[PDB]
Amino acid sequence: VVXXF
Amino acid sequence: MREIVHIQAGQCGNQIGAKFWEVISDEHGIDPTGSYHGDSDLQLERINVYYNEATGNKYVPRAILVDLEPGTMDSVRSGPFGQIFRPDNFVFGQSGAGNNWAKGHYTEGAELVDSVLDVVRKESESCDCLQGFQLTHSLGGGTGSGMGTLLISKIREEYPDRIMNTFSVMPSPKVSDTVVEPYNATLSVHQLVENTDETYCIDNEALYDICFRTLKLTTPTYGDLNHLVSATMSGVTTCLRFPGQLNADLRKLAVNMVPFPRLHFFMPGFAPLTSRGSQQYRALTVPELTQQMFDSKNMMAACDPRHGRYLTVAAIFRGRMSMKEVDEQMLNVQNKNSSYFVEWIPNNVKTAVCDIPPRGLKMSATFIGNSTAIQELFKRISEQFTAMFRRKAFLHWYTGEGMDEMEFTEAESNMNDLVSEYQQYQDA
Amino acid sequence: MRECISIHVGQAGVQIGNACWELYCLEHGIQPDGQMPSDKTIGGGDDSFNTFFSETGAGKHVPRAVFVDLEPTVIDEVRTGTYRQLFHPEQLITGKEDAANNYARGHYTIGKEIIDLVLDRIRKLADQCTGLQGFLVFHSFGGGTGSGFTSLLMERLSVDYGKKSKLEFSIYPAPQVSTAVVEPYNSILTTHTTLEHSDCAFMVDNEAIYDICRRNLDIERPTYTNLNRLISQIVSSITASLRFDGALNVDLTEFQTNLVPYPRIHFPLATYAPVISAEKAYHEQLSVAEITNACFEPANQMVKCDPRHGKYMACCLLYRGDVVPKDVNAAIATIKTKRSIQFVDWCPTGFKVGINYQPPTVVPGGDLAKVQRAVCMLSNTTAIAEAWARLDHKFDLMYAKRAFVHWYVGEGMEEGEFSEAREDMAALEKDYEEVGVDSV
Ligand SMILES: Nc1nc2c(ncn2[C@@H]2O[C@H](COP(=O)(O)OP(=O)(O)OP(=O)(O)O)[C@@H](O)[C@H]2O)c(=O)[nH]1
Ligand SMILES: Nc1nc2c(ncn2[C@@H]2O[C@H](COP(=O)(O)OP(=O)(O)O)[C@@H](O)[C@H]2O)c(=O)[nH]1
Ligand SMILES: [Mg+2]
Ligand SMILES: [Mg+2]
Ligand SMILES: [Mg+2]
Ligand SMILES: [Mg+2]
């Protein structure tokens, strides 16, 4: 899973 | 019991630490440079709890920023409120912990831990009366997890009579694909059972599910996950930050929330659930804040509270509303779902009401439950752990830094004890 | 900080090194005279590209590298070539007489004459580092220098640098371009000797690369310059996370954490896409979803293994170029549905992804199309053990009759050293079997 704030 | 010292360790720690300070600063009317520019005077009454004062009556957070690589802290310092923090309270190494608990707790972190405690000591002497410490960190990486639990063990040594509080982000495969996180988490839990008085179980499984299901975000980001944490952290510490009657300091909160020294792992909830894009033009009714804040969908811990029983509950309401109606709806849940509260702790639900609402809402509710269902979280990690440990997989990263299999077995063992203890009192 | 030192050993090692550093220069806008107009930090710098390049006063960006060979022909071409000015002469180290495809000559007879000088020059580079990550070592399995000297250097580097990471790029021998009948021998010896001194090794099967050059690039009889240009793209993908950084970037050492369950199981399988000609690529653009799928087509594998008959212990996707989280996530969902992809029971099944927005570039007069986005999958599959088996069988046939064994004994080695290397290789195949078994 690709998750940047 | 006045001042709190805040610490944030590692990537997750510093990101949510930063967002937490962004949020409450806005609530206490403190700007990025540290000057006050707010209306109400409730904003400055217990400002001394989290901030220090300086010349020009500027307000400086009582915060220590810790990491083993400069990355997130450089980003935080050029973050929004970046220049607000005491420059000297930035304490970072360069080697990194490589998501390794051993590197964080025993080698790369030991090389740095003393320097951090120096800034802790300097802050704790500025204190007229220190309550204790709140730490923010993830349990899945290396710095926040390993170095974090080390700092606690060390800080408990210098301040054993103080209260140790944590906002601990539990790992989930739904958010991280690093295989060793269950190792890092189990090792950390062992530490937290022993050396904290209160631990808010912020579950990234919950935060992702919340972001994806309820808030209908198809590609949830950390900023999305953290907006939820930021909201929870504001709410949970509201009874600490503004004038109030209940759970108004960390020791009192602990005494109300913790019936047994080890079972101090709290299940936070929040309402209304909000994404940074969500409009929220329609404030909720008091009955809606209540049905939701007890709804599993609003729990930040990814446990089904109907699978266990509430030992204790705090419930914090914010904004201008009928305090009369708050009590009826609160007394309604207790009386409707009475089977889900343990009978041998009378009146285990306590409530506070603060007038100042959170940024962007008129009506908010925050939940703090010491449910036995929290075990499901520890059960989850326990399984992800054993799946690897039975084949002694990926242990060489840890043994290579000096650890032994036995130290894993004991942390495995101590957490299985924790689960069973949470199950002992669920059938009582 | 976190510098990385490349060591290019022997012909294959050096020539692949050429391709790689030419390509890196084209990726960072570095001219063949070392000058870099983008870099405003003159004389120094903290930037991502500084992990592979040092800077000088003159404004010259210098590869953190060493080229070593026991014979001057190949490195001599570097000394006189397009990128001559890029290096400093002390970095290009040559003997006079090579190792004549003999491990023993590379590890001992000739190698001992030059090992000190090489380490002295490696050391001099290490002194320029604020915080060294480790070394990258490019070498052939089959050559005498590539095999024997590499083992010697790696052993020596273990001693002089303790446990700083040592990664290999190892060229595994293929018959279509093999230069020695004894390459099976040299292979098993270096692999055994290096095994406990290497943290992670990316095997490049030349038959795989020869196959892909023939099939996807319609190159009739591939040259070394053909294979090297493709190989360099793959190495570039793997080192991209070390030379660039962005929010979505995942450091190679993070991928390493997932990929190596035990210190001996440190041989990841590389699979790269898209490999496509300019003729086919014209008017046909490949999606995040399309290149991701290629990674599970064995035709695009870098070692001839069959992951389908094996079990997965890990999966990483090193994306570069025009790639967004949204599309990657959907892409993997597809493959989770459309493939089967068995994992061992003790590992989780999540794919660790990294993304560098810096798009792939290509070398002028290259055969590869300049694509918008590309991907390298690093997998730890039991199927990689197939590579050991083919080589172990070839080794077995000759040692049964002690064929050629005499060129090795004559240089000082023993039969015991052979049987011993071969037993380690048997253990490794056994090891790679043990991990595939289900638990109880
Ligand atoms: N892909 C690729 N493989 C190469 C190249 N050069 C040599 N090889 C392979 O390397 C193996 C032979 O080892 P070499 O590197 O040529 O020999 P060496 O390392 O110089 O050692 P000695 O010459 O014996 O001292 C053969 O299997 C070749 O196919 C190259 O430029 N590219
Ligand atoms: N919610 C949240 N979790 C994070 C963030 N950054 C990292 N994590 C989580 O924390 C774990 C990684 O720990 P990390 O803080 O990055 O390692 P550290 O820097 O060594 O302390 C994983 O489970 C991540 O999902 C963040 O900004 N928000
Ligand atoms: Mg990181
Ligand atoms: Mg050190
Ligand atoms: Mg040669
Ligand atoms: Mg520079």
# chains A, B, ... in the order shown; residues from 1 in each chain; ligands from 1
>>> interface_residues(of="chain B", to="chain C", cutoff="9 Å", atoms="only C-alpha atoms", output="list in words")
residues 94, 95, 98, 99, 173, 174, 176, 177, 178, 179, 180, 218, 219, 384, 386, 387, 388, 389, 390, 391, 392, 393, 394, 395, 396 and 397 of chain B
>>> write_last_selection(atoms="N, CA, C and O atoms", output="tab-separated table (two decimals), in the first residue's frame")
chain	number	residue	atom	x	y	z
B	94	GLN	N	22.21	11.22	13.15
B	94	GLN	CA	22.28	11.13	11.68
B	94	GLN	C	22.20	9.70	11.14
B	94	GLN	O	21.90	9.49	9.97
B	95	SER	N	22.50	8.72	11.99
B	95	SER	CA	22.62	7.33	11.56
B	95	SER	C	21.28	6.68	11.18
B	95	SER	O	21.24	5.77	10.35
B	98	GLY	N	16.65	2.66	11.10
B	98	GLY	CA	16.27	1.67	10.10
B	98	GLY	C	15.11	0.78	10.51
B	98	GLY	O	15.16	-0.43	10.32
B	99	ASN	N	14.05	1.40	11.05
B	99	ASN	CA	12.90	0.66	11.57
B	99	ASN	C	13.29	-0.50	12.49
B	99	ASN	O	12.59	-1.52	12.54
B	173	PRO	N	-0.74	-3.65	8.93
B	173	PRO	CA	-0.35	-3.95	7.54
B	173	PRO	C	-1.14	-3.13	6.53
B	173	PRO	O	-0.66	-2.92	5.41
B	174	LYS	N	-2.33	-2.68	6.91
B	174	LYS	CA	-3.16	-1.85	6.03
B	174	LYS	C	-2.49	-0.53	5.70
B	174	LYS	O	-2.93	0.15	4.77
B	176	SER	N	1.35	-0.01	6.64
B	176	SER	CA	2.79	-0.24	6.44
B	176	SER	C	3.07	-1.65	5.93
B	176	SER	O	2.47	-2.62	6.39
B	177	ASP	N	4.00	-1.74	4.98
B	177	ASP	CA	4.41	-3.02	4.41
B	177	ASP	C	5.79	-3.45	4.92
B	177	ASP	O	6.42	-4.35	4.35
B	178	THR	N	6.27	-2.81	5.99
B	178	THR	CA	7.51	-3.22	6.64
B	178	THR	C	7.23	-4.45	7.49
B	178	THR	O	6.40	-4.41	8.39
B	179	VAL	N	7.91	-5.56	7.21
B	179	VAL	CA	7.54	-6.84	7.81
B	179	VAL	C	7.84	-6.94	9.30
B	179	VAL	O	7.19	-7.72	10.00
B	180	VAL	N	8.81	-6.17	9.78
B	180	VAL	CA	9.29	-6.35	11.15
B	180	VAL	C	8.52	-5.54	12.19
B	180	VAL	O	8.80	-5.63	13.38
B	218	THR	N	-10.27	7.40	-0.89
B	218	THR	CA	-9.85	6.19	-1.59
B	218	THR	C	-8.34	6.01	-1.57
B	218	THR	O	-7.84	4.90	-1.71
B	219	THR	N	-7.62	7.12	-1.38
B	219	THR	CA	-6.17	7.07	-1.23
B	219	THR	C	-5.77	7.88	0.01
B	219	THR	O	-5.24	8.99	-0.11
B	384	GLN	N	0.47	-11.54	14.25
B	384	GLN	CA	1.43	-11.07	13.26
B	384	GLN	C	2.87	-11.37	13.70
B	384	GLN	O	3.74	-11.65	12.88
B	386	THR	N	3.94	-13.95	16.06
B	386	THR	CA	4.25	-15.38	16.13
B	386	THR	C	4.40	-15.99	14.74
B	386	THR	O	5.17	-16.93	14.55
B	387	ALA	N	3.64	-15.46	13.79
B	387	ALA	CA	3.72	-15.93	12.41
B	387	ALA	C	5.17	-15.96	11.93
B	387	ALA	O	5.58	-16.88	11.23
B	388	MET	N	5.95	-14.95	12.33
B	388	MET	CA	7.36	-14.85	11.97
B	388	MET	C	8.30	-15.53	12.98
B	388	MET	O	9.24	-16.21	12.58
B	389	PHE	N	8.03	-15.33	14.27
B	389	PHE	CA	8.95	-15.76	15.32
B	389	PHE	C	9.06	-17.28	15.44
B	389	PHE	O	10.10	-17.79	15.87
B	390	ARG	N	8.01	-17.99	15.06
B	390	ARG	CA	8.03	-19.45	15.13
B	390	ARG	C	9.05	-20.01	14.15
B	390	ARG	O	9.53	-21.13	14.31
B	391	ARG	N	9.35	-19.22	13.12
B	391	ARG	CA	10.38	-19.56	12.15
B	391	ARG	C	11.61	-18.67	12.35
B	391	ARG	O	12.51	-18.64	11.52
B	392	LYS	N	11.63	-17.95	13.47
B	392	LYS	CA	12.76	-17.12	13.85
B	392	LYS	C	13.16	-16.15	12.73
B	392	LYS	O	14.32	-15.76	12.60
B	393	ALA	N	12.18	-15.77	11.91
B	393	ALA	CA	12.42	-14.94	10.73
B	393	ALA	C	12.82	-13.50	11.06
B	393	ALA	O	12.32	-12.91	12.02
B	394	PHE	N	13.73	-12.95	10.26
B	394	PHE	CA	14.16	-11.56	10.35
B	394	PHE	C	14.76	-11.19	11.70
B	394	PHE	O	14.92	-10.01	12.01
B	395	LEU	N	15.09	-12.19	12.50
B	395	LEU	CA	15.69	-11.95	13.81
B	395	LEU	C	17.13	-11.46	13.70
B	395	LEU	O	17.65	-10.83	14.63
B	396	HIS	N	17.79	-11.75	12.58
B	396	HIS	CA	19.21	-11.44	12.45
B	396	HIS	C	19.46	-9.94	12.47
B	396	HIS	O	20.54	-9.50	12.85
B	397	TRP	N	18.46	-9.15	12.08
B	397	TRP	CA	18.57	-7.70	12.19
B	397	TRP	C	18.71	-7.30	13.65
B	397	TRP	O	19.41	-6.35	13.98
>>> closest_atom_pairs(of="chain A", to="ligand 2", cutoff="10 Å", atoms="only C-alpha atoms and all ligand atoms", output="JSON lines")
{"residue": "A:3", "atom": "CA", "partner": "ligand 2", "partner_atom_place_in_ligand_line": "25 (O)", "distance": 8.2}
{"residue": "A:4", "atom": "CA", "partner": "ligand 2", "partner_atom_place_in_ligand_line": "27 (O)", "distance": 7.4}
{"residue": "A:5", "atom": "CA", "partner": "ligand 2", "partner_atom_place_in_ligand_line": "27 (O)", "distance": 6.2}
>>> write_last_selection(atoms="N, CA, C and O atoms", output="PDB file, in the first residue's frame")
ATOM      1  N   UNK A   3       1.182   4.994   1.169  1.00  0.00           N
ATOM      2  CA  UNK A   3       0.266   5.864   1.910  1.00  0.00           C
ATOM      3  C   UNK A   3       1.766   9.388   2.460  1.00  0.00           C
ATOM      4  O   UNK A   3       0.689   9.832   2.838  1.00  0.00           O
ATOM      5  N   UNK A   4       2.952  10.283   2.329  1.00  0.00           N
ATOM      6  CA  UNK A   4       2.935  11.696   2.623  1.00  0.00           C
ATOM      7  C   UNK A   4       1.235  13.931   3.625  1.00  0.00           C
ATOM      8  O   UNK A   4       0.292  13.241   4.030  1.00  0.00           O
ATOM      9  N   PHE A   5       1.928  14.842   4.519  1.00  0.00           N
ATOM     10  CA  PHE A   5       1.564  15.002   5.886  1.00  0.00           C
ATOM     11  C   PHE A   5       0.652  16.217   5.994  1.00  0.00           C
ATOM     12  O   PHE A   5       0.701  17.076   5.130  1.00  0.00           O
TER      13      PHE A   5
END
>>> interface_residues(of="chain B", to="chain A", cutoff="12 Å", atoms="only C-alpha atoms", output="VMD selection string")
chain B and resid 11 to 12 14 to 16 18 to 19 72 75 to 76 79 to 80 172 to 178 204 208 211 to 212 217 to 227 230 276
>>> atom_distance(atom1="CA of residue 90 (chain B)", atom2="CA of residue 135 (chain B)")
15.1 Å
>>> residues_near_ligand(ligand="ligand 6", cutoff="10 Å", atoms="only C-alpha atoms and all ligand atoms", output="PyMOL selection string")
chain C and resi 36+38-50+53-56+59-61
>>> select_by_dssp(residues="region 192-351 of chain C", states="strand (DSSP E)", output="list in words")
residues 200, 201, 202, 203, 204, 205, 269, 270, 271, 272, 273, 312, 313, 314, 315, 316, 317, 318, 319, 320 and 321 of chain C
>>> write_last_selection(atoms="N, CA, C and O atoms", output="tab-separated table (two decimals), in the first residue's frame")
chain	number	residue	atom	x	y	z
C	200	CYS	N	23.88	-8.47	0.67
C	200	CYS	CA	22.84	-8.54	-0.35
C	200	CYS	C	23.45	-8.54	-1.75
C	200	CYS	O	24.30	-7.70	-2.06
C	201	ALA	N	23.03	-9.49	-2.58
C	201	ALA	CA	23.63	-9.67	-3.91
C	201	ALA	C	22.56	-9.77	-5.00
C	201	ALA	O	21.70	-10.66	-4.96
C	202	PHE	N	22.62	-8.87	-5.97
C	202	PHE	CA	21.72	-8.91	-7.13
C	202	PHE	C	22.39	-9.64	-8.29
C	202	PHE	O	23.24	-9.07	-8.98
C	203	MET	N	21.99	-10.89	-8.51
C	203	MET	CA	22.50	-11.68	-9.62
C	203	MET	C	21.87	-11.23	-10.94
C	203	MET	O	20.65	-11.11	-11.04
C	204	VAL	N	22.73	-11.01	-11.93
C	204	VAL	CA	22.30	-10.70	-13.29
C	204	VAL	C	22.63	-11.88	-14.19
C	204	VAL	O	23.80	-12.11	-14.50
C	205	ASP	N	21.62	-12.62	-14.63
C	205	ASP	CA	21.84	-13.75	-15.54
C	205	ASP	C	21.98	-13.25	-16.97
C	205	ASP	O	21.03	-12.72	-17.55
C	269	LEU	N	15.52	-11.43	-6.54
C	269	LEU	CA	15.26	-11.52	-7.96
C	269	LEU	C	14.82	-10.17	-8.49
C	269	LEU	O	13.89	-9.57	-7.95
C	270	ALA	N	15.48	-9.69	-9.54
C	270	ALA	CA	15.10	-8.45	-10.19
C	270	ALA	C	14.27	-8.71	-11.44
C	270	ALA	O	14.57	-9.63	-12.21
C	271	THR	N	13.23	-7.91	-11.63
C	271	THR	CA	12.38	-7.97	-12.81
C	271	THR	C	12.03	-6.54	-13.18
C	271	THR	O	11.50	-5.80	-12.35
C	272	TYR	N	12.35	-6.14	-14.41
C	272	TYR	CA	12.29	-4.74	-14.81
C	272	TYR	C	11.38	-4.52	-16.02
C	272	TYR	O	11.32	-5.35	-16.93
C	273	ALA	N	10.67	-3.39	-16.01
C	273	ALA	CA	9.79	-3.02	-17.12
C	273	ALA	C	9.60	-1.50	-17.17
C	273	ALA	O	9.69	-0.82	-16.15
C	312	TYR	N	6.99	-16.98	-2.54
C	312	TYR	CA	7.46	-15.63	-2.30
C	312	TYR	C	7.71	-15.38	-0.82
C	312	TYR	O	6.92	-15.79	0.03
C	313	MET	N	8.82	-14.73	-0.53
C	313	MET	CA	9.15	-14.34	0.82
C	313	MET	C	9.08	-12.82	0.95
C	313	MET	O	9.09	-12.29	2.06
C	314	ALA	N	8.98	-12.13	-0.19
C	314	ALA	CA	8.89	-10.67	-0.20
C	314	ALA	C	8.68	-10.11	-1.61
C	314	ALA	O	9.06	-10.73	-2.60
C	315	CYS	N	8.11	-8.91	-1.67
C	315	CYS	CA	7.95	-8.19	-2.93
C	315	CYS	C	8.14	-6.69	-2.73
C	315	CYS	O	7.44	-6.08	-1.92
C	316	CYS	N	9.08	-6.12	-3.48
C	316	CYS	CA	9.27	-4.67	-3.51
C	316	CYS	C	9.08	-4.15	-4.92
C	316	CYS	O	9.41	-4.83	-5.89
C	317	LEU	N	8.52	-2.95	-5.04
C	317	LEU	CA	8.38	-2.28	-6.32
C	317	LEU	C	9.05	-0.92	-6.28
C	317	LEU	O	8.60	-0.01	-5.58
C	318	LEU	N	10.13	-0.81	-7.03
C	318	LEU	CA	10.89	0.43	-7.14
C	318	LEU	C	10.43	1.18	-8.38
C	318	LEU	O	10.95	0.97	-9.47
C	319	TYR	N	9.42	2.03	-8.21
C	319	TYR	CA	8.91	2.85	-9.31
C	319	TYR	C	9.76	4.08	-9.51
C	319	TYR	O	10.29	4.64	-8.56
C	320	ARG	N	9.87	4.50	-10.77
C	320	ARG	CA	10.40	5.83	-11.04
C	320	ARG	C	9.63	6.50	-12.17
C	320	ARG	O	9.06	5.83	-13.03
C	321	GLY	N	9.63	7.83	-12.15
C	321	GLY	CA	8.96	8.61	-13.18
C	321	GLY	C	7.54	8.98	-12.81
C	321	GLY	O	7.21	9.19	-11.64
>>> closest_residue(among="C:136, C:174, C:26, C:129", to="ligand 1", atoms="only C-alpha atoms and all ligand atoms")
C:174
>>> residues_near_ligand(ligand="ligand 4", cutoff="10 Å", atoms="only C-alpha atoms and all ligand atoms", output="ChimeraX atom specification")
/B:93-95,107-112 /C:131
>>> write_last_selection(atoms="N, CA and C atoms", output="short mmCIF file (atom, residue, chain, number, x, y, z; two decimals), in the first residue's frame")
data_model
loop_
_atom_site.label_atom_id
_atom_site.label_comp_id
_atom_site.auth_asym_id
_atom_site.auth_seq_id
_atom_site.Cartn_x
_atom_site.Cartn_y
_atom_site.Cartn_z
N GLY B 93 20.21 12.74 15.80
CA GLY B 93 21.39 12.05 15.29
C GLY B 93 21.32 11.99 13.77
N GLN B 94 22.21 11.22 13.15
CA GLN B 94 22.28 11.13 11.68
C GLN B 94 22.20 9.70 11.14
N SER B 95 22.50 8.72 11.99
CA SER B 95 22.62 7.33 11.56
C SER B 95 21.28 6.68 11.18
N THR B 107 21.57 0.43 20.77
CA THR B 107 22.82 0.85 20.15
C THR B 107 22.78 2.28 19.64
N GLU B 108 22.16 2.50 18.49
CA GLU B 108 22.15 3.83 17.89
C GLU B 108 21.43 4.84 18.79
N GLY B 109 20.45 4.36 19.55
CA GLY B 109 19.69 5.22 20.43
C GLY B 109 20.39 5.50 21.75
N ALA B 110 21.05 4.48 22.29
CA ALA B 110 21.83 4.65 23.51
C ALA B 110 22.88 5.73 23.30
N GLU B 111 23.48 5.75 22.11
CA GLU B 111 24.47 6.76 21.76
C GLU B 111 23.92 8.19 21.85
N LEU B 112 22.59 8.34 21.83
CA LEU B 112 21.96 9.67 21.82
C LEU B 112 21.12 9.98 23.07
N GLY C 131 29.57 10.04 6.46
CA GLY C 131 28.96 8.87 7.01
C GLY C 131 28.67 7.77 6.06
#
>>> residues_around(residues="residue 246 (chain C)", least_positions_apart="6", cutoff="10 Å", atoms="only C-alpha atoms", output="ChimeraX atom specification")
/A:4 /C:48,354-358
>>> write_last_selection(atoms="N, CA and C atoms", output="PDB file, in the first residue's frame")
ATOM      1  N   UNK A   4       2.952  10.283   2.329  1.00  0.00           N
ATOM      2  CA  UNK A   4       2.935  11.696   2.623  1.00  0.00           C
ATOM      3  C   UNK A   4       1.235  13.931   3.625  1.00  0.00           C
TER       4      UNK A   4
ATOM      5  N   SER C  48      21.159  14.754  -2.508  1.00  0.00           N
ATOM      6  CA  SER C  48      20.956  13.330  -2.744  1.00  0.00           C
ATOM      7  C   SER C  48      22.024  12.729  -3.658  1.00  0.00           C
ATOM      8  N   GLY C 354       8.258   1.894  -3.337  1.00  0.00           N
ATOM      9  CA  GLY C 354       8.907   3.186  -3.307  1.00  0.00           C
ATOM     10  C   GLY C 354       8.707   3.865  -4.650  1.00  0.00           C
ATOM     11  N   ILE C 355       8.737   5.194  -4.660  1.00  0.00           N
ATOM     12  CA  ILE C 355       8.564   5.959  -5.893  1.00  0.00           C
ATOM     13  C   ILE C 355       9.528   7.141  -5.957  1.00  0.00           C
ATOM     14  N   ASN C 356      10.295   7.205  -7.045  1.00  0.00           N
ATOM     15  CA  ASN C 356      11.100   8.377  -7.378  1.00  0.00           C
ATOM     16  C   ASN C 356      10.523   9.070  -8.606  1.00  0.00           C
ATOM     17  N   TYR C 357      10.124  10.329  -8.475  1.00  0.00           N
ATOM     18  CA  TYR C 357       9.451  11.013  -9.577  1.00  0.00           C
ATOM     19  C   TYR C 357      10.415  11.282 -10.734  1.00  0.00           C
ATOM     20  N   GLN C 358      11.713  11.261 -10.446  1.00  0.00           N
ATOM     21  CA  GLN C 358      12.723  11.526 -11.471  1.00  0.00           C
ATOM     22  C   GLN C 358      12.653  10.435 -12.535  1.00  0.00           C
TER      23      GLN C 358
END
>>> residues_near_ligand(ligand="ligand 5", cutoff="6 Å", atoms="only C-alpha atoms and all ligand atoms", output="list in words")
residues 10, 11 and 98 of chain C
>>> closest_residue(among="B:71, B:256, B:1, B:26", to="ligand 3", atoms="only C-alpha atoms and all ligand atoms")
B:71
>>> residues_near_ligand(ligand="ligand 1", cutoff="6 Å", atoms="only C-alpha atoms and all ligand atoms", output="PyMOL selection string")
chain C and resi 10-12+15-16+70+98-102+140+142-146+173+177-179+206+224+227-228
>>> closest_residue(among="B:13, B:182, B:277, B:259", to="residue 408 (chain B)", atoms="only C-alpha atoms")
B:182
>>> select_by_dssp(residues="region 167-285 of chain C", states="helix (DSSP H, G or I)", output="ChimeraX atom specification")
/C:175-177,183-197,206-216,224-243,252-259,278-281
>>> write_last_selection(atoms="C-alpha atoms", output="tab-separated table (two decimals), in the first residue's frame")
chain	number	residue	atom	x	y	z
C	175	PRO	CA	26.71	-19.86	-22.65
C	176	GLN	CA	25.84	-17.43	-25.48
C	177	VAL	CA	28.77	-15.24	-24.32
C	183	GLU	CA	33.12	-20.60	-15.19
C	184	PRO	CA	31.03	-23.05	-13.13
C	185	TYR	CA	34.12	-23.66	-10.97
C	186	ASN	CA	34.93	-19.98	-10.48
C	187	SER	CA	31.27	-19.26	-9.72
C	188	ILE	CA	30.89	-21.75	-6.88
C	189	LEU	CA	34.18	-20.66	-5.32
C	190	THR	CA	33.50	-16.90	-5.19
C	191	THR	CA	29.89	-17.42	-4.10
C	192	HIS	CA	31.03	-19.59	-1.20
C	193	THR	CA	33.87	-17.29	-0.16
C	194	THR	CA	31.77	-14.11	-0.42
C	195	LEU	CA	28.55	-15.51	1.07
C	196	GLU	CA	29.18	-14.52	4.70
C	197	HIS	CA	30.80	-11.21	3.69
C	206	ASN	CA	23.43	-13.00	-18.91
C	207	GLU	CA	21.20	-15.56	-20.65
C	208	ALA	CA	18.20	-13.66	-19.28
C	209	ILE	CA	19.63	-10.34	-20.46
C	210	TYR	CA	20.66	-11.87	-23.81
C	211	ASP	CA	17.11	-13.21	-24.11
C	212	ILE	CA	15.48	-9.84	-23.39
C	213	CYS	CA	17.79	-7.92	-25.74
C	214	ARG	CA	16.90	-10.42	-28.48
C	215	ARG	CA	13.16	-10.48	-27.82
C	216	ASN	CA	12.13	-7.00	-26.62
C	224	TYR	CA	28.37	-6.48	-24.24
C	225	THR	CA	27.49	-2.86	-24.94
C	226	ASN	CA	23.91	-4.07	-25.48
C	227	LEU	CA	23.65	-6.01	-22.22
C	228	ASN	CA	25.44	-3.31	-20.23
C	229	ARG	CA	23.04	-0.59	-21.36
C	230	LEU	CA	20.08	-2.64	-20.17
C	231	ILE	CA	21.83	-3.78	-16.99
C	232	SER	CA	22.71	-0.17	-16.14
C	233	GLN	CA	19.05	0.85	-16.25
C	234	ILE	CA	18.28	-1.88	-13.73
C	235	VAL	CA	21.14	-0.90	-11.42
C	236	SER	CA	20.01	2.72	-11.78
C	237	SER	CA	16.53	1.68	-10.62
C	238	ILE	CA	17.93	-0.06	-7.55
C	239	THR	CA	20.25	2.81	-6.62
C	240	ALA	CA	17.68	5.51	-7.48
C	241	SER	CA	16.42	5.58	-3.90
C	242	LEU	CA	19.98	6.33	-2.78
C	243	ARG	CA	20.64	9.08	-5.34
C	252	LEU	CA	17.17	0.80	-0.53
C	253	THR	CA	18.13	-0.29	2.99
C	254	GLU	CA	14.40	-0.36	3.78
C	255	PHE	CA	13.81	-2.69	0.83
C	256	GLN	CA	16.78	-4.70	2.12
C	257	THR	CA	15.05	-5.15	5.50
C	258	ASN	CA	12.10	-6.88	3.84
C	259	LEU	CA	14.13	-8.87	1.33
C	278	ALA	CA	11.50	3.29	-29.85
C	279	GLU	CA	9.56	1.85	-32.79
C	280	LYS	CA	7.06	0.06	-30.55
C	281	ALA	CA	7.00	2.85	-27.96
>>> atom_distance(atom1="CA of residue 410 (chain C)", atom2="CA of residue 103 (chain C)")
11.8 Å
>>> residues_around(residues="residue 159 (chain B)", least_positions_apart="5", cutoff="10 Å", atoms="only C-alpha atoms", output="PyMOL selection string")
chain B and resi 124+130-133+152+154+164
>>> closest_residue(among="C:83, C:380, C:385, C:336", to="chain A", atoms="only C-alpha atoms")
C:336
>>> closest_residue(among="B:17, B:320, B:140, B:37", to="ligand 3", atoms="only C-alpha atoms and all ligand atoms")
B:140
>>> atom_distance(atom1="CA of residue 298 (chain B)", atom2="CA of residue 270 (chain B)")
5.7 Å
>>> residues_around(residues="residue 234 (chain B)", least_positions_apart="5", cutoff="8 Å", atoms="only C-alpha atoms", output="MDAnalysis selection string")
chainID B and resid 20 23:24 358
